[PDB]
K.L.:
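Take this structure first; my questions come after.
Indexing begins at 1, ligand by ligand and atom by atom, following the structure's order. All residue numbers in this chain count up from 1 along the given sequence. Both backbone and side-chain heavy atoms feed into the values below; hydrogens, waters and symmetry mates do not.
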Amino acid sequence: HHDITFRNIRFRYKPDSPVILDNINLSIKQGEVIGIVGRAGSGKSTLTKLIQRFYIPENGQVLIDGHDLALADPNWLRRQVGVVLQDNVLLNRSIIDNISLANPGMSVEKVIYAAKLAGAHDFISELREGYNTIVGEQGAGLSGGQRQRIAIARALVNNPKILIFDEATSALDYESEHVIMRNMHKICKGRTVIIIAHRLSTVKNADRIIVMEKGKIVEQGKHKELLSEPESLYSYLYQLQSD
Ligand SMILES: Nc1ncnc2c1ncn2[C@@H]1O[C@H](COP(=O)(O)OP(=O)(O)O)[C@H]2O[C@@]3(O[C@H]21)C([N+](=O)[O-])=CC([N+](=O)[O-])=CC3[N+](=O)[O-]
């Protein structure tokens, strides 16, 4: 079963603006972990925006489960998809408020469970105020990698069947990243996962990596097969990022 299908997707942001996605054809099986790589501006983020129907393609179809999103309940779609955002944890609100923000009227139990998968529960439990800790620096003063784990928990809180990791902007501390990587298989368990990867190394063990260039998927496959393809863009980007 495919959880995410793109068929002949053409997309531009404004009626006269440039074509950002040209003839995107993609089918992601249920429970697959997909890495998406490519130069800045290749259209990786744009792709995930269409998954959430933040925008509507001029040509082609985006389907979840087989449900064309043109016809799908927008309320249903919001619940299917969890997004791990970057640098979007409200400082003026509590950790629990930041985790349950997408649906404010849930349960402490669901929140904790999400924080546990996120690898955030342990450090939250050791704060004076616990989950009621105001993220802002006049309460305790959390770090970037901590806030990132909260962001993961927020994405996870409603048990989305599809999880999207927005490209990492900032660089995270060792403990956070080690915790995140250690927990990834648990974070991803039972979910169709998309990771937009800054460093190619991040998605090396993805089931499949999608290589985008100038709004096209140019290459796709496992790390090994992508490197085996002579003159592949993938191999070039790997080389550029190698020590
Ligand atoms: N809300 C929005 N409204 C309009 N366009 C949006 C947009 N969000 C993204 N874009 C543009 O679409 C293209 C794809 O961006 P994106 O999907 O974010 O790529 P990555 O995720 O691969 O980094 C980008 O190309 C560029 O701007 C971006 C881009 N860039 O990403 O540096 C640079 C230039 N430029 O220097 O003229 C032009 C671009 N463009 O789409 O015309």
K.L.:
Which protein non-hydrogen atom lies closest to atom 2 (C) of ligand 1, naming both residue and atom, and how far is it?
P.N.:
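Nearest protein contact, heavy atoms only, for atom 2 (C) of ligand 1 is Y13 CD2, 3.4 Å.
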K.L.:
Within the 4.0 Å heavy-atom shell around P18, which atoms of ligand 1 are there?
P.N.:
42 (O)
K.L.:
With the side chain counted from C-beta on, respond yes when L85 and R154 share a heavy-atom pair under 4.5 Å apart, and no when they do not.
P.N.:
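In contact.
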K.L.:
Is any side-chain heavy atom of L117 less than 4.5 Å from a side-chain heavy atom of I152?
P.N.:
no
K.L.:
Decide yes or no for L26 and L47: does some side-chain heavy atom of the first lie under 4.5 Å from some side-chain heavy atom of the second?
P.N.:
yes
K.L.:
Atom 26 (C) of ligand 1: protein heavy atom closer than 4.0 Å?
P.N.:
no
K.L.:
Please state whether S17 comes within less than 4.0 angstrom of ligand 1, counting heavy atoms only.
P.N.:
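Heavy atoms of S17 never come under 4.0 Å of ligand 1.
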K.L.:
Any chance you could lay out the side chain to side chain donor-acceptor pair (under 3.5 Å) test for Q86 and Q148, step after step, and finish with the verdict?
P.N.:
CA-CA 7 Å; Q86 295 290 304; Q148 198 53 231; 3.2 Å; yes
K.L.:
Side chains of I209 and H223, heavy atoms from C-beta outward: is any pair under 4.5 Å?
P.N.:
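The answer is yes, as the side chains (C-beta and beyond) meet within the 4.5 Å cut-off.
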K.L.:
Among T46, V19, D22, exactly one meets side-chain contact (heavy atoms from CB on, under 4.5 Å) together with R12. Which residue is that?
P.N.:
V19
K.L.:
Return yes or no for this condition: an N or O of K44 is under 3.5 Å from an N or O of ligand 1.
P.N.:
yes
K.L.:
Under 4.0 Å from a heavy atom of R39: which atoms of ligand 1 are those, numbered in the order shown and with their elements?
P.N.:
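Contacts of ligand 1 toward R39, numbered from 1: 22 (O).
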K.L.:
Return the closest protein heavy atom for atom 30 (N) of ligand 1 as residue, atom name and distance.
P.N.:
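The closest one turns out to be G41 CA, 4.4 Å.
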K.L.:
Could you tell me whether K161 and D65 have a side-chain N and a carboxylate O separated by less than 4.0 Å?
P.N.:
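Salt bridge flag = yes for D65 with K161.
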K.L.:
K204 versus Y238: any side-chain heavy-atom pair under 4.5 Å?
P.N.:
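Of all side-chain heavy-atom pairs linking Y238 with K204, at least one is under 4.5 Å.
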K.L.:
Evaluate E167 for polar contact with ligand 1, using N/O atom pairs at a separation under 3.5 Å.
P.N.:
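No - when backbone and side-chain N and O of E167 are compared with those of ligand 1, no distance drops under 3.5 Å.
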K.L.:
If you have a sec, work out which protein heavy atom is nearest atom 40 (N) of ligand 1 and how many Å separate them, to one decimal?
P.N.:
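Its nearest protein heavy-atom neighbour is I20 CD1, 4.2 Å.
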K.L.:
So which of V37, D166, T46 gets nearest to atom 15 (O) of ligand 1, if we judge by its closest heavy atom?
P.N.:
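Considering heavy atoms of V37, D166, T46, the nearest to atom 15 (O) of ligand 1 sits in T46.
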K.L.:
Can you spot which of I24, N59, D68, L63 makes a side-chain contact (heavy atoms from CB on, under 4.5 Å) with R7?
P.N.:
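That would be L63.
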K.L.:
Are any of the protein's heavy atoms under 4.0 angstrom from atom 13 (C) of ligand 1, yes or no?
P.N.:
yes
K.L.:
Tell me, which protein residue and heavy-atom name are nearest atom 8 (N) of ligand 1, and how many Å apart are they?
P.N.:
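It is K49 NZ, 3.2 Å.
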K.L.:
With heavy atoms of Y55 as the reference, note each atom of ligand 1 found under 4.0 Å away.
P.N.:
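By the 4.0 Å cutoff, the relevant atoms are 1 (N).
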K.L.:
Which residue owns the protein heavy atom closest to atom 18 (O) of ligand 1, what's the atom, and how far is it?
P.N.:
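Result for atom 18 (O) of ligand 1: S45 CB, 3.6 Å.
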K.L.:
Specify whether the nearest protein heavy atom to atom 36 (O) of ligand 1 is under 4.0 angstrom away.
P.N.:
no
K.L.:
Please check if a non-hydrogen protein atom sits closer than 4.0 Å to atom 32 (O) of ligand 1.
P.N.:
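Under the 4.0 Å cut-off, atom 32 (O) of ligand 1 has no protein heavy-atom neighbours at all.
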K.L.:
Would you say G38 contacts ligand 1, with heavy atoms under 4.0 Å as the rule?
P.N.:
no
K.L.:
If I take atom CG from residue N92 and atom CD1 from residue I134, how far apart are they, to the nearest 0.5 angstrom?
P.N.:
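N92 atom CG to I134 atom CD1 measures 8.0 Å (nearest 0.5 Å).
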K.L.:
If you measure from CD on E129 to CD1 on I95, what distance do you get to the nearest 0.5 Å?
P.N.:
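Going from CD on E129 over to CD1 on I95, the span is 10.0 Å.
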